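*Asks:* Structure incoming, see below.
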There are 2 protein chains.
Amino acid sequence: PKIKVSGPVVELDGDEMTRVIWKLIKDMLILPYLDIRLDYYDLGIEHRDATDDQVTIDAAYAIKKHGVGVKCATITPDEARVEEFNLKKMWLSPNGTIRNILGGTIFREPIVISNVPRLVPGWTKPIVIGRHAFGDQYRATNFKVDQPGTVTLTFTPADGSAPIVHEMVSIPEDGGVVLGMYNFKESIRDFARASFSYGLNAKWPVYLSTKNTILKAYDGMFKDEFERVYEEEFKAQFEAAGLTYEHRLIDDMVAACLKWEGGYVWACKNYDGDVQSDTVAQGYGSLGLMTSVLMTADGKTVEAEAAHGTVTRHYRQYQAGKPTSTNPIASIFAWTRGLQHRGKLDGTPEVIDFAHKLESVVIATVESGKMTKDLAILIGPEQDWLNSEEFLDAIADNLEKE
Amino acid sequence: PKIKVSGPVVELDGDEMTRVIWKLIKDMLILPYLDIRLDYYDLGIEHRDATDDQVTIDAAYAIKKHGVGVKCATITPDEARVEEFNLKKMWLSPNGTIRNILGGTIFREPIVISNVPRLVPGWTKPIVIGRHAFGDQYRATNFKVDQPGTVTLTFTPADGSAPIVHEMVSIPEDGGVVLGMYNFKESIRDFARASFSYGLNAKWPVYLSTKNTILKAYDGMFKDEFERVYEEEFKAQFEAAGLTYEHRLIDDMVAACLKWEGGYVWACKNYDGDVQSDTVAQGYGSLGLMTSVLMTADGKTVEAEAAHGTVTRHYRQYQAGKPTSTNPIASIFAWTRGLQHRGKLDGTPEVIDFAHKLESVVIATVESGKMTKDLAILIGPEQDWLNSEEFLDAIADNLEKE
Ligand SMILES: NC(=O)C1=CN([C@@H]2O[C@H](COP(=O)(O)OP(=O)(O)OC[C@H]3O[C@@H](n4cnc5c(N)ncnc54)[C@H](OP(=O)(O)O)[C@@H]3O)[C@@H](O)[C@H]2O)C=CC1
Ligand SMILES: NC(=O)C1=CN([C@@H]2O[C@H](COP(=O)(O)OP(=O)(O)OC[C@H]3O[C@@H](n4cnc5c(N)ncnc54)[C@H](OP(=O)(O)O)[C@@H]3O)[C@@H](O)[C@H]2O)C=CC1
Ligand SMILES: [Cl-]
Ligand SMILES: [Cl-]
Ligand SMILES: [Mn+2]
Ligand SMILES: [Mn+2]
């Protein structure tokens, strides 16, 4: 009657509305049906502040040992959060700490649900975007000048052979701006690996965008290392399984994203992934329908969380005792996803089928007219909606019936 | 009775299929309703070759002098064309030479036709992407290194005052890639100016996008200069005209692009301009429906042309006698756009309304059914299309009734 989960699931608790909602998932939709070993780590801001953020390093190393992480959305501290919670220091983003201890690439996977319209009716399958987790603009040296002068870019070899000096330009009277940015071959290779691993697992084809027509050397390495990694360690499984890999120019790929139906993993350079991810998420109308999804190169370790944050605005409402309409879908799909990989490693098809059934019940509940406000308004103003508890209860029943 | 155009309209002839349609347009829709002095410059490949491209300089200085140009699509030489046409040398893009003589910014204006579907149905009004004409990735220095080493980026002021030496990074054992790029304050102010004059003359509010959360100095200048320029030169007028300017993050602007209805000018940095234009054009389905549209900073000079090329595959057909279904909408609109501004500078309202009437008459003509194959399959696997003269016959006729 309770399906036995074999290995552990690391559970990373979090903050505000998602913490409220995250417990109700665990108690109504996980814990009834599963006898399961949950390795718990409270990454709620209080408990990170109370351990000076060690709990986060612990949480990461636990994910790393056991291969599965399911995570509630968490507050990233800033000057306002420092005052609100009386933080001892401004603790760094926990995602950053986990990314960094785990390595691996973040993938944004949307959830398609027939009667919830996307802003591009053509879409029909999930468009997954994987975003190089390292480098380019996000590590840039950039600065301004209010005056004339010349700009030089030098590579100094570590073996002491001659510097390679590039004379870039002369900036005129009124000054301007200057920026230098880089990436690593190792990182680039590691980016392709996770990408192919992710596409293999989902059985989606894979695309790389670059702008190698303009940056021949810089983006040539993205193209070259993607093709090497594909050929050496991925091509035979791809072919193989009907799957494919291509490089396309970024200009083609953004048009393609708009035109195609979905069903592929688009690997983007760091900046492209930050931007495109926001085009695709907008398409689906609501972040309650978006997961992400850290997968390692190999791809043995997965960590899943809702792509949205902690829904402070809803939390302020719940705190007053007022009603809320918070979408639980991504959070649930974070859990279902973690369980998926867990039974994969386990290899206990029952945990997997439970994952999938849960998923289907959810899709089925909404394809019925039972939904939270963020979905309803996508449909129309005629469409009424469920408050957060109501929506989870609905799921819970529709799930009970099987 | 024919409408009297005051000043001269500089006309720039072009290539292949577009050259043909372009005469039909002149002869059927323009000359026979207007009393216009065309200062004519033939930019078909042959005459460019016969003048060693001087004609291109002459056309550009003509536009400078007279404030108005309308231009047929032209061939940009590469290796195949050098052979096809026996070119004496590989002449540079006449668009790039025009741009550089005139300065200014390129605006992509799509033509939104009620009965032609756009892949994003919520779009009821044109999204106008203005692209910075200069710098960033398009002038970068970029290289790969297959070894470890350090990267320094240095501004050496003309002064002889201390060079500012930034130590960017050490690249690990397997090497990596490095880029340096820049832009000029003087260029950035100009880009703001044409962006403002453009949005005012289209009666559209104006948005800029940057990523200044990450590139605080580099994009800091784009936002700061755009804002200065804005308050010091356009806010009075803008406010008076019921119009508004905002900076937004690129992540928000791509989201707004999909969800908003349209009806704004979107000033993108060079790269984001390159890319977002392709998302917008794909949404509209056909470059038959797209113009670009150079406006100078001040903004007394305008030069328009269709955003598509010379439509070679069609020409091959027309050379061989078979029928062609080439959309002249964007070209007619290049003419209508130019008359508008010629009408404006003069200032002679009958010119303007004519421009307007011809436009609405083209739209109305497609609204009644009757369209090139082009637009046809935006609509359905069967929607019946006219061939090139057949549809442009129809427009001649329709315009007639008024
Ligand atoms: N741990 C993580 O992965 C992330 C954490 N964050 C953090 O969360 C905090 C607050 O984030 P913020 O971006 O402001 O807000 P959210 O992304 O959490 O949500 C913003 C708005 O989007 C809507 N929304 C988001 N998710 C849902 C949902 N599941 N169901 C219904 N509506 C939803 C709501 O609309 P409306 O108000 O109109 O009802 C909400 O107010 C910050 O501290 C930030 O650091 C942010 C991103 C990721
Ligand atoms: N001066 C300028 O503004 C520009 C000039 N060019 C030049 O144009 C030349 C041809 O380039 P190329 O990109 O291959 O051809 P085009 O870019 O002009 O058009 C390519 C295809 O798009 C479709 N298409 C574009 N315009 C129309 C239209 N008005 N009506 C119907 N279909 C249309 C056709 O589809 P289908 O094949 O299915 O019929 C056509 O084959 C090149 O020499 C290039 O240098 C390119 C861009 C700009
Ligand atoms: Cl980084
Ligand atoms: Cl340039
Ligand atoms: Mn983003
Ligand atoms: Mn482009």
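Identifiers in the structure tokens: chain A, B, ... in order shown; residue index from 1 per chain; ligand index from 1 in order shown.
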List the spatial neighbours of residue 281 of chain A as an MDAnalysis selection string - criterion: any atom at most 12 Å away, only C-alpha atoms, same-chain residues fewer than 4 positions off excluded.
*Replies:* (chainID A and resid 108:112 118:120 123 126:129 273:277 285:292 307:308) or (chainID B and resid 251:252 254:256 258:259)
*Asks:* Write down, as JSON, numbers by chain, each residue of chain B that has any atom within 7 Å of an atom of chain A, counting only C-alpha atoms.
*Replies:* {"B": [119, 120, 138, 141, 142, 143, 144, 148, 149, 150, 151, 152, 153, 154, 155, 156, 157, 158, 168, 171, 174, 175, 176, 177, 178, 179, 180, 181, 182, 183, 184, 185, 186, 214, 215, 217, 218, 250, 251, 254, 255, 258, 259, 275, 278, 279, 282, 283]}
*Asks:* When you count only C-alpha atoms and all ligand atoms, which of these residues is closest to ligand 2: B:328, B:32, B:8, B:262?
*Replies:*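 Looking at the shortest contact to ligand 2, the residue is B:328.
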*Asks:* May I have the residues within 6 Å of ligand 2, computed using only C-alpha atoms and all ligand atoms, as a list in words?
*Replies:* residues 73, 74, 75, 76, 287, 288, 307, 308, 309, 310, 311, 312, 313, 326, 327, 328 and 374 of chain B
*Asks:* Would you work out the distance separating atom CA of residue 267 of chain A from atom CA of residue 213 of chain B, expressed in Å to one decimal?
*Replies:* 23.0 Å
*Asks:* Give me, as a VMD selection string, the residues of segment 95-183 of chain A that a backbone DSSP run labels strand (DSSP E or B).
*Replies:* chain A and resid 105 to 110 127 to 131 141 to 145 149 to 157 164 to 171 176 to 183
*Asks:* Go ahead and save the residues from that selection, with C-alpha atoms, as a compact mmCIF listing (two decimals), in the first residue's frame.
*Replies:*
```txt
# COMPACT_ATOMS: atom_id res chain seq x y z
CA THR A 105 24.05 22.72 -16.06
CA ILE A 106 20.64 24.22 -15.32
CA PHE A 107 17.79 23.23 -17.69
CA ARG A 108 14.45 24.98 -17.83
CA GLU A 109 11.61 22.53 -18.59
CA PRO A 110 8.04 23.69 -19.10
CA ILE A 127 11.04 23.70 -25.18
CA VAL A 128 13.94 22.98 -22.81
CA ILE A 129 16.66 25.51 -22.47
CA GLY A 130 19.95 24.62 -20.89
CA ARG A 131 22.12 27.57 -19.99
CA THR A 141 35.54 43.08 -16.79
CA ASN A 142 33.62 46.06 -17.99
CA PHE A 143 34.26 49.77 -17.39
CA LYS A 144 33.59 53.25 -18.69
CA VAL A 145 36.03 56.04 -19.72
CA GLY A 149 42.93 56.36 -25.28
CA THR A 150 43.79 53.00 -26.77
CA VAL A 151 42.55 49.56 -25.68
CA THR A 152 44.77 46.50 -25.54
CA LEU A 153 43.95 42.93 -24.75
CA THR A 154 46.87 40.63 -23.85
CA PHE A 155 47.18 36.86 -23.28
CA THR A 156 50.31 36.14 -21.23
CA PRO A 157 51.36 32.45 -21.51
CA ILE A 164 50.05 37.91 -27.48
CA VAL A 165 49.04 41.58 -27.56
CA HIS A 166 45.86 42.67 -29.37
CA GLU A 167 45.49 46.37 -30.20
CA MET A 168 41.64 46.65 -30.19
CA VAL A 169 40.89 50.32 -30.83
CA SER A 170 41.28 54.01 -30.09
CA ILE A 171 38.38 55.46 -28.13
CA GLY A 176 32.92 55.15 -24.15
CA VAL A 177 32.80 51.69 -22.63
CA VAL A 178 35.04 48.64 -22.75
CA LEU A 179 34.45 45.08 -21.79
CA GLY A 180 36.53 41.87 -21.70
CA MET A 181 35.02 38.41 -21.18
CA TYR A 182 36.18 34.74 -21.47
CA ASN A 183 35.28 31.04 -21.27
```
*Asks:* Among segment 14-240 of chain A, which residues carry a DSSP assignment of alpha helix (DSSP H), reported as an MDAnalysis selection string?
*Replies:* chainID A and resid 16:25 45:50 54:66 79:85 94:102 185:202 216:229 235:239
*Asks:* Find the distance between atom CA of residue 242 of chain A and atom CA of residue 200 of chain A and write it in Å to one decimal.
*Replies:*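 Separating atom CA of residue 242 of chain A from atom CA of residue 200 of chain A is a distance of 10.3 Å.
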*Asks:* Could you check the closest approach to ligand 5 for each of B:383, B:210, B:201, B:348 and tell me which residue wins, using only C-alpha atoms and all ligand atoms?
*Replies:*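 Smallest separation from ligand 5 among the options: B:210.
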*Asks:* Of the candidates A:102, A:352, A:249, A:334, which shows the shortest atom-to-atom distance to ligand 1, using only C-alpha atoms and all ligand atoms?
*Replies:*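 Residue with the minimum atom-to-atom distance to ligand 1: A:334.
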*Asks:* Pick the closest to residue 293 of chain A from A:209, A:195, A:368, A:388: which is it, counting only C-alpha atoms?
*Replies:*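 Using only C-alpha atoms, the shortest distance to residue 293 of chain A belongs to A:195.
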*Asks:* Compile the contact shell of segment 244-248 of chain A as a PDB file with N, CA and C atoms, in the first residue's frame: residues with an atom at most 10 Å away, counting only C-alpha atoms, same-chain residues fewer than 5 positions apart removed.
*Replies:*
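Writing done, so here's selection27.pdb:
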```
ATOM      1  N   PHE A 196      23.954  16.741 -23.642  1.00  0.00           N
ATOM      2  CA  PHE A 196      23.647  15.514 -24.320  1.00  0.00           C
ATOM      3  C   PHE A 196      23.010  14.512 -23.366  1.00  0.00           C
ATOM      4  N   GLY A 199      19.367  15.413 -23.005  1.00  0.00           N
ATOM      5  CA  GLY A 199      18.556  15.115 -24.182  1.00  0.00           C
ATOM      6  C   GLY A 199      18.356  13.608 -24.310  1.00  0.00           C
ATOM      7  N   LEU A 200      19.429  12.838 -24.082  1.00  0.00           N
ATOM      8  CA  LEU A 200      19.363  11.386 -24.018  1.00  0.00           C
ATOM      9  C   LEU A 200      18.285  10.905 -23.043  1.00  0.00           C
ATOM     10  N   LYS A 203      14.913  11.834 -24.269  1.00  0.00           N
ATOM     11  CA  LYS A 203      14.717  11.489 -25.684  1.00  0.00           C
ATOM     12  C   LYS A 203      14.176  12.732 -26.415  1.00  0.00           C
ATOM     13  N   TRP A 204      14.932  13.822 -26.322  1.00  0.00           N
ATOM     14  CA  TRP A 204      14.648  14.987 -27.143  1.00  0.00           C
ATOM     15  C   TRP A 204      15.917  15.190 -27.986  1.00  0.00           C
ATOM     16  N   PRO A 205      15.778  15.735 -29.231  1.00  0.00           N
ATOM     17  CA  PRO A 205      17.014  16.118 -29.924  1.00  0.00           C
ATOM     18  C   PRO A 205      17.644  17.356 -29.265  1.00  0.00           C
ATOM     19  N   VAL A 206      18.885  17.638 -29.580  1.00  0.00           N
ATOM     20  CA  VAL A 206      19.583  18.805 -29.031  1.00  0.00           C
ATOM     21  C   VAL A 206      20.098  19.839 -30.067  1.00  0.00           C
ATOM     22  N   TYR A 207      19.964  21.126 -29.709  1.00  0.00           N
ATOM     23  CA  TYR A 207      20.520  22.262 -30.507  1.00  0.00           C
ATOM     24  C   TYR A 207      21.473  23.167 -29.680  1.00  0.00           C
ATOM     25  N   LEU A 208      22.547  23.621 -30.310  1.00  0.00           N
ATOM     26  CA  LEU A 208      23.406  24.647 -29.777  1.00  0.00           C
ATOM     27  C   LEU A 208      23.185  25.841 -30.634  1.00  0.00           C
ATOM     28  N   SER A 209      22.944  26.993 -30.032  1.00  0.00           N
ATOM     29  CA  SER A 209      23.045  28.266 -30.784  1.00  0.00           C
ATOM     30  C   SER A 209      24.380  28.931 -30.549  1.00  0.00           C
ATOM     31  N   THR A 210      24.955  29.552 -31.573  1.00  0.00           N
ATOM     32  CA  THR A 210      26.027  30.512 -31.328  1.00  0.00           C
ATOM     33  C   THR A 210      25.973  31.604 -32.379  1.00  0.00           C
ATOM     34  N   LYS A 211      26.888  32.553 -32.290  1.00  0.00           N
ATOM     35  CA  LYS A 211      26.987  33.573 -33.274  1.00  0.00           C
ATOM     36  C   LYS A 211      28.384  33.519 -33.964  1.00  0.00           C
ATOM     37  N   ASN A 212      28.784  32.314 -34.394  1.00  0.00           N
ATOM     38  CA  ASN A 212      30.135  32.035 -34.851  1.00  0.00           C
ATOM     39  C   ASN A 212      30.440  32.633 -36.194  1.00  0.00           C
ATOM     40  N   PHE A 222      32.742  26.798 -28.886  1.00  0.00           N
ATOM     41  CA  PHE A 222      31.469  26.191 -28.492  1.00  0.00           C
ATOM     42  C   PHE A 222      31.067  25.130 -29.529  1.00  0.00           C
ATOM     43  N   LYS A 223      31.051  25.513 -30.809  1.00  0.00           N
ATOM     44  CA  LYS A 223      30.714  24.599 -31.899  1.00  0.00           C
ATOM     45  C   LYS A 223      31.621  23.363 -32.005  1.00  0.00           C
ATOM     46  N   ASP A 224      32.928  23.581 -31.968  1.00  0.00           N
ATOM     47  CA  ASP A 224      33.919  22.510 -31.993  1.00  0.00           C
ATOM     48  C   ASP A 224      33.862  21.508 -30.819  1.00  0.00           C
ATOM     49  N   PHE A 226      31.191  21.118 -28.726  1.00  0.00           N
ATOM     50  CA  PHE A 226      29.921  20.412 -28.843  1.00  0.00           C
ATOM     51  C   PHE A 226      29.992  19.204 -29.853  1.00  0.00           C
ATOM     52  N   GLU A 227      30.565  19.429 -31.036  1.00  0.00           N
ATOM     53  CA  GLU A 227      30.696  18.396 -32.069  1.00  0.00           C
ATOM     54  C   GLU A 227      31.631  17.298 -31.607  1.00  0.00           C
ATOM     55  N   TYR A 230      29.728  15.351 -28.824  1.00  0.00           N
ATOM     56  CA  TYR A 230      28.744  14.568 -29.535  1.00  0.00           C
ATOM     57  C   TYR A 230      29.328  13.283 -30.178  1.00  0.00           C
ATOM     58  N   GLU A 231      30.295  13.444 -31.085  1.00  0.00           N
ATOM     59  CA  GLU A 231      30.939  12.312 -31.775  1.00  0.00           C
ATOM     60  C   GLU A 231      31.614  11.253 -30.876  1.00  0.00           C
ATOM     61  N   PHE A 234      28.732  10.652 -27.298  1.00  0.00           N
ATOM     62  CA  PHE A 234      27.245  10.686 -27.348  1.00  0.00           C
ATOM     63  C   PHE A 234      26.574  10.181 -28.626  1.00  0.00           C
ATOM     64  N   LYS A 235      27.255  10.280 -29.772  1.00  0.00           N
ATOM     65  CA  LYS A 235      26.636  10.073 -31.082  1.00  0.00           C
ATOM     66  C   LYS A 235      26.009   8.685 -31.248  1.00  0.00           C
ATOM     67  N   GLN A 237      24.777   6.615 -29.055  1.00  0.00           N
ATOM     68  CA  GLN A 237      23.514   6.455 -28.295  1.00  0.00           C
ATOM     69  C   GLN A 237      22.405   7.271 -28.909  1.00  0.00           C
ATOM     70  N   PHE A 238      22.784   8.340 -29.601  1.00  0.00           N
ATOM     71  CA  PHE A 238      21.807   9.252 -30.183  1.00  0.00           C
ATOM     72  C   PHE A 238      21.144   8.661 -31.445  1.00  0.00           C
ATOM     73  N   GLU A 239      21.977   8.144 -32.320  1.00  0.00           N
ATOM     74  CA  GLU A 239      21.570   7.731 -33.647  1.00  0.00           C
ATOM     75  C   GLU A 239      20.399   6.733 -33.792  1.00  0.00           C
ATOM     76  N   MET A 253      17.848  29.987 -34.586  1.00  0.00           N
ATOM     77  CA  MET A 253      17.292  29.326 -33.464  1.00  0.00           C
ATOM     78  C   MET A 253      16.179  30.095 -32.744  1.00  0.00           C
ATOM     79  N   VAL A 254      16.305  31.420 -32.642  1.00  0.00           N
ATOM     80  CA  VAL A 254      15.237  32.150 -32.071  1.00  0.00           C
ATOM     81  C   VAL A 254      14.025  32.144 -33.016  1.00  0.00           C
ATOM     82  N   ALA A 256      13.334  29.635 -35.088  1.00  0.00           N
ATOM     83  CA  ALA A 256      12.877  28.281 -34.962  1.00  0.00           C
ATOM     84  C   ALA A 256      12.034  28.105 -33.684  1.00  0.00           C
ATOM     85  N   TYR A 264      12.577  19.627 -27.802  1.00  0.00           N
ATOM     86  CA  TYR A 264      14.016  19.633 -28.024  1.00  0.00           C
ATOM     87  C   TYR A 264      14.627  20.334 -26.886  1.00  0.00           C
ATOM     88  N   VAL A 265      15.893  20.032 -26.660  1.00  0.00           N
ATOM     89  CA  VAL A 265      16.749  20.733 -25.700  1.00  0.00           C
ATOM     90  C   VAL A 265      17.622  21.726 -26.465  1.00  0.00           C
ATOM     91  N   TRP A 266      17.418  23.013 -26.184  1.00  0.00           N
ATOM     92  CA  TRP A 266      18.264  24.054 -26.756  1.00  0.00           C
ATOM     93  C   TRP A 266      19.268  24.402 -25.676  1.00  0.00           C
ATOM     94  N   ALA A 267      20.524  24.107 -25.978  1.00  0.00           N
ATOM     95  CA  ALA A 267      21.662  24.544 -25.157  1.00  0.00           C
ATOM     96  C   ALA A 267      22.097  25.941 -25.632  1.00  0.00           C
TER      97      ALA A 267
END
```
*Asks:* Quick one: distance from atom CA of residue 294 of chain B to atom CA of residue 103 of chain B in Å, one decimal?
*Replies:*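 Straight-line distance from atom CA of residue 294 of chain B to atom CA of residue 103 of chain B works out to 8.7 Å.
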